[PDB]
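Worksheet for the structure shown next.
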Amino acid sequence: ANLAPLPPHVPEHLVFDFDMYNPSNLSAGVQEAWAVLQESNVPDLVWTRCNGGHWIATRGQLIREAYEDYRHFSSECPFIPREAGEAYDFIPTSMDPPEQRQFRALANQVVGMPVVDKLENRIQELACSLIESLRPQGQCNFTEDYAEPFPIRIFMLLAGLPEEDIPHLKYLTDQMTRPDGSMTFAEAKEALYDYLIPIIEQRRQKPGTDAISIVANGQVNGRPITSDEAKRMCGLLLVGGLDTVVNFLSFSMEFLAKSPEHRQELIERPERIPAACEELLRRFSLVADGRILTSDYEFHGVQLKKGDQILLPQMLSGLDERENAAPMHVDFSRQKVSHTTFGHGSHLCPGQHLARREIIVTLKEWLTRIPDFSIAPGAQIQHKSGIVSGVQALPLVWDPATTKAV
Ligand code: HEM
Ligand SMILES: CC1(C)[C@@H]2CC[C@@]1(C)C(=O)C2
Ligand SMILES: [K+]
């Protein structure tokens, strides 16, 4: 295919041409497609000539180690291909400690556990209303009818943005994680910034109680945050709010629809939902970004060159059979659910608490109202791969007679 010429410093035996935006075994499921990187024929650290050429760490050990060592593995250029990585200037993700710290503190403020706790009632409220509205229909297009509106509307409420702007923003955020080829990466990013700029200016002058007002008027390093810094942070918040939980919920529901035994498990033993959420986060992990080498560095017997990009798939740690036995099997009773679904190191996800709350609320409220459901007959669910992977469509069906109006 479109393979870049092999750099002189890369041993031929370490080459494995994996395409993160279109993996070969995608039809088997996106996580399954990525897991081919963990078969016996693939070394721990390999070089793919796809997408401009870059390294890929395939084991949890290397992924965790790399995410911790920011001195060698910089977040300055975190996305593949390099073009995207270089245009990517979100805050604080494109920064390494110490610089990142002050901005991350501010981000924790607007999406951290305290915010989640205060927002739980709205989360509960929306989940219940959306699910009840669908219950009597006996069918739904999950991605469009719940997966997107639920987490996204909660985020828009948090950020104090009009739901009317969702379609526009959602299209843009997805061009940065799973480009469909209709927009260049930098242009999609700028479009996001063009939208935010006037809003940030407005909320710095006349601050509201929303997350954007909080960010735009925050302080970093003992001084006021700049309009541009606030912009670069809010841009990141939009992506996290619009293209993370949204995708994960579909992977989870697709699975539950296909496994009555697991649904039954959660209906008969509700207290197991939190554990189930965690196991699902491992099995259907969906993120994969990376870092750039700050200098020549030998890593686990492999010579890495300054400038080289290395993909450190957050998705792979939990699927690594070295971290979890029978990794592709969902066991809600797994004693130790090991994963790096929310990242690792200084950039570990601050919105993970909001994510878990939304997932757990979704599982409890959906199963209590629509306990029995399955994939629409004749439907063949397909996935999409990228920085954040997802489910293209998920047609679900159930018998309204077996549902319960709460
Ligand atoms: C299932 C849901 C989610 C997953 C799997 C996820 C995953 C991740 C991962 C892997 C990282 C680290 C990436 C890196 O090291 O380069 C991260 C960072 C981040 N996430 Fe999440 N995330 C989720 C939901 C959210 C939500 C809902 C928000 C908030 C709107 C959010 C906001 C952020 C921010 C601000 C960062 C950057 C933190 C920093 O750079 O210090 N995330 N997330
Ligand atoms: C890799 C991510 C999941 C993380 C939050 C949104 C995302 C796409 C980023 O750009 C940082
Ligand atoms: K950059």
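Identifiers in this document derive from the order of the structure tokens: chains are assigned A, B, ..., residues are numbered from 1 separately in each chain, and ligands are numbered from 1 in order of occurrence.
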
Non-local contacts of residue 132 in chain A (8 Å; only C-alpha atoms; under 3 positions in same chain excluded) as a list in words: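 These residues fall inside the cut-off: residues 128, 129, 135, 136, 369, 405 and 406 of chain A.
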
Residues near residue 357 in chain A, cut-off 9 Å, only C-alpha atoms, skip fewer than 2 positions along chain, as a list in words: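 Using only C-alpha atoms, the neighbours found are residues 116, 117, 120, 123, 352, 353, 354, 355, 359, 360, 361 and 362 of chain A.
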
Test item: residues at most 12 Å from residue 367 in chain A, only C-alpha atoms, excluding those fewer than 2 positions along its chain, as a ChimeraX atom specification: /A:127-128,131-132,135,253,256-257,260,262-270,273,360-365,369-373,398,402-406

Could the residues in this selection be written to a file with N, CA, C and O atoms, as a short mmCIF file (atom, residue, chain, number, x, y, z; two decimals), in the first residue's frame?
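As written to disk, selection.cif reads:
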```cif
data_model
loop_
_atom_site.label_atom_id
_atom_site.label_comp_id
_atom_site.auth_asym_id
_atom_site.auth_seq_id
_atom_site.Cartn_x
_atom_site.Cartn_y
_atom_site.Cartn_z
N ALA A 127 -30.07 10.41 31.19
CA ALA A 127 -30.04 8.99 30.85
C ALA A 127 -31.45 8.43 30.91
O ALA A 127 -31.90 7.74 30.00
N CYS A 128 -32.16 8.72 32.00
CA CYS A 128 -33.52 8.23 32.17
C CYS A 128 -34.51 8.75 31.12
O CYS A 128 -35.35 8.00 30.64
N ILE A 131 -33.62 7.15 27.59
CA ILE A 131 -33.96 5.73 27.57
C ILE A 131 -35.48 5.49 27.58
O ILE A 131 -35.98 4.62 26.87
N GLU A 132 -36.21 6.28 28.36
CA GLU A 132 -37.65 6.14 28.42
C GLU A 132 -38.30 6.49 27.08
O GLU A 132 -39.27 5.85 26.66
N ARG A 135 -37.63 3.41 24.90
CA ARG A 135 -38.24 2.18 25.38
C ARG A 135 -39.46 1.66 24.61
O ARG A 135 -39.46 0.52 24.15
N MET A 253 -22.51 -1.44 24.50
CA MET A 253 -23.87 -1.87 24.20
C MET A 253 -23.90 -2.94 23.11
O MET A 253 -24.73 -3.85 23.15
N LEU A 256 -23.16 -6.11 24.96
CA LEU A 256 -24.29 -6.54 25.78
C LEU A 256 -25.43 -7.09 24.94
O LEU A 256 -26.10 -8.04 25.33
N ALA A 257 -25.65 -6.47 23.78
CA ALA A 257 -26.70 -6.91 22.87
C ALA A 257 -26.41 -8.32 22.36
O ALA A 257 -27.33 -9.09 22.09
N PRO A 260 -26.50 -12.19 26.04
CA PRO A 260 -27.59 -12.24 27.02
C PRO A 260 -27.10 -12.66 28.41
O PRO A 260 -27.60 -12.17 29.43
N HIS A 262 -24.30 -12.00 29.86
CA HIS A 262 -23.68 -10.89 30.58
C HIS A 262 -24.75 -9.91 31.04
O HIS A 262 -24.64 -9.35 32.13
N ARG A 263 -25.77 -9.69 30.22
CA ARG A 263 -26.85 -8.79 30.59
C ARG A 263 -27.56 -9.37 31.80
O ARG A 263 -27.83 -8.67 32.78
N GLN A 264 -27.85 -10.67 31.73
CA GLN A 264 -28.53 -11.36 32.82
C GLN A 264 -27.71 -11.20 34.08
O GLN A 264 -28.25 -10.96 35.17
N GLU A 265 -26.40 -11.31 33.94
CA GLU A 265 -25.49 -11.17 35.07
C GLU A 265 -25.68 -9.83 35.78
O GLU A 265 -25.72 -9.77 37.02
N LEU A 266 -25.80 -8.75 35.02
CA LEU A 266 -25.96 -7.43 35.61
C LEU A 266 -27.36 -7.16 36.14
O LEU A 266 -27.55 -6.33 37.03
N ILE A 267 -28.35 -7.86 35.60
CA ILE A 267 -29.73 -7.69 36.05
C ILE A 267 -29.93 -8.44 37.38
O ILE A 267 -30.59 -7.94 38.29
N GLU A 268 -29.33 -9.63 37.47
CA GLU A 268 -29.44 -10.46 38.66
C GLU A 268 -28.49 -10.04 39.78
O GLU A 268 -28.75 -10.27 40.96
N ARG A 269 -27.38 -9.41 39.40
CA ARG A 269 -26.38 -8.94 40.35
C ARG A 269 -25.97 -7.52 39.98
O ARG A 269 -24.88 -7.29 39.46
N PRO A 270 -26.86 -6.54 40.25
CA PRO A 270 -26.65 -5.12 39.95
C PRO A 270 -25.39 -4.51 40.55
O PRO A 270 -24.74 -3.68 39.91
N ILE A 273 -22.26 -3.96 38.47
CA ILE A 273 -22.14 -3.02 37.36
C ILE A 273 -20.85 -2.21 37.38
O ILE A 273 -20.20 -2.07 36.34
N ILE A 360 -21.65 3.89 34.05
CA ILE A 360 -22.37 3.18 35.10
C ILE A 360 -23.86 3.58 35.13
O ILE A 360 -24.73 2.72 35.28
N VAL A 361 -24.14 4.87 34.98
CA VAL A 361 -25.53 5.33 34.97
C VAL A 361 -26.25 4.73 33.76
O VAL A 361 -27.41 4.32 33.85
N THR A 362 -25.56 4.68 32.62
CA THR A 362 -26.14 4.12 31.40
C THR A 362 -26.48 2.63 31.57
O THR A 362 -27.57 2.19 31.20
N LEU A 363 -25.54 1.87 32.13
CA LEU A 363 -25.75 0.44 32.31
C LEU A 363 -26.91 0.13 33.26
O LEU A 363 -27.72 -0.76 33.00
N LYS A 364 -26.98 0.87 34.37
CA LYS A 364 -28.03 0.65 35.36
C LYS A 364 -29.42 1.05 34.87
O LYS A 364 -30.39 0.32 35.06
N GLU A 365 -29.51 2.21 34.23
CA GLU A 365 -30.79 2.70 33.76
C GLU A 365 -31.30 2.01 32.50
O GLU A 365 -32.51 1.86 32.32
N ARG A 369 -34.75 -0.72 32.47
CA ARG A 369 -35.86 -0.38 31.59
C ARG A 369 -35.96 -1.29 30.36
O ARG A 369 -37.05 -1.66 29.94
N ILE A 370 -34.81 -1.62 29.78
CA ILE A 370 -34.75 -2.48 28.60
C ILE A 370 -33.75 -3.60 28.88
O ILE A 370 -32.66 -3.62 28.31
N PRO A 371 -34.12 -4.54 29.76
CA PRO A 371 -33.28 -5.67 30.15
C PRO A 371 -32.91 -6.62 29.01
O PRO A 371 -31.79 -7.13 28.96
N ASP A 372 -33.84 -6.84 28.10
CA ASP A 372 -33.60 -7.73 26.99
C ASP A 372 -33.61 -6.99 25.66
O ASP A 372 -34.59 -6.34 25.30
N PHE A 373 -32.50 -7.08 24.94
CA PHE A 373 -32.36 -6.43 23.65
C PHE A 373 -31.26 -7.14 22.87
O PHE A 373 -30.46 -7.87 23.45
N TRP A 398 -35.81 -4.68 20.57
CA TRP A 398 -36.32 -5.33 21.76
C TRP A 398 -37.84 -5.39 21.68
O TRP A 398 -38.45 -4.77 20.81
N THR A 402 -41.44 -6.59 27.08
CA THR A 402 -40.49 -7.06 28.08
C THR A 402 -39.80 -5.90 28.79
O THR A 402 -38.96 -6.11 29.66
N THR A 403 -40.17 -4.67 28.42
CA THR A 403 -39.58 -3.49 29.04
C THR A 403 -40.37 -3.05 30.26
O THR A 403 -41.51 -3.46 30.46
N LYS A 404 -39.74 -2.21 31.07
CA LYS A 404 -40.38 -1.70 32.27
C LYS A 404 -40.26 -0.19 32.32
O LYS A 404 -39.16 0.35 32.25
N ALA A 405 -41.40 0.49 32.42
CA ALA A 405 -41.40 1.94 32.51
C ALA A 405 -41.12 2.27 33.97
O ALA A 405 -41.86 1.87 34.86
N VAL A 406 -40.03 2.99 34.21
CA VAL A 406 -39.65 3.36 35.57
C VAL A 406 -40.10 4.78 35.89
O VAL A 406 -39.23 5.64 36.11
#
```

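Near ligand 3, the residues found within 10 Å are residues 75, 76, 77, 78, 79, 82, 83, 84, 85, 86, 87, 88, 89, 90, 93, 94, 95 and 292 of chain A (criterion computed using only C-alpha atoms and all ligand atoms).
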
Minimum-distance residue to residue 21 in chain A, chosen among A:217, A:392, A:385, A:61 (using only C-alpha atoms):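 The shortest atom-to-atom distance to residue 21 in chain A comes from A:385.
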
Nearest to ligand 1 by atom-to-atom distance, counting only C-alpha atoms and all ligand atoms, from A:73, A:366, A:248, A:195: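 Among A:73, A:366, A:248, A:195, it is A:248 that comes nearest to ligand 1.
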
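Among the candidates A:314, A:173, A:141, A:109, the residue lying nearest to ligand 1 is A:314 (atoms considered: only C-alpha atoms and all ligand atoms).
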
Point-to-point distance in Å for CA of residue 193 in chain A and CA of residue 249 in chain A: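 Here the two named atoms are 27.1 Å from each other.
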
Nearby polymer residues, ligand 1, at most 7 Å, only C-alpha atoms and all ligand atoms, as a VMD selection string: chain A and resid 67 75 78 91 to 93 100 104 107 111 155 236 to 241 244 to 245 248 285 to 290 314 341 to 344 346 to 352 354 to 355

Which of range 160-304 of chain A fall in strand (DSSP E), as a ChimeraX atom specification: /A:219-220,223-224,289-293,297-299,302-304

Residues of range 169-251 of chain A in helix (DSSP H, G or I), written as a count of residues only: 59
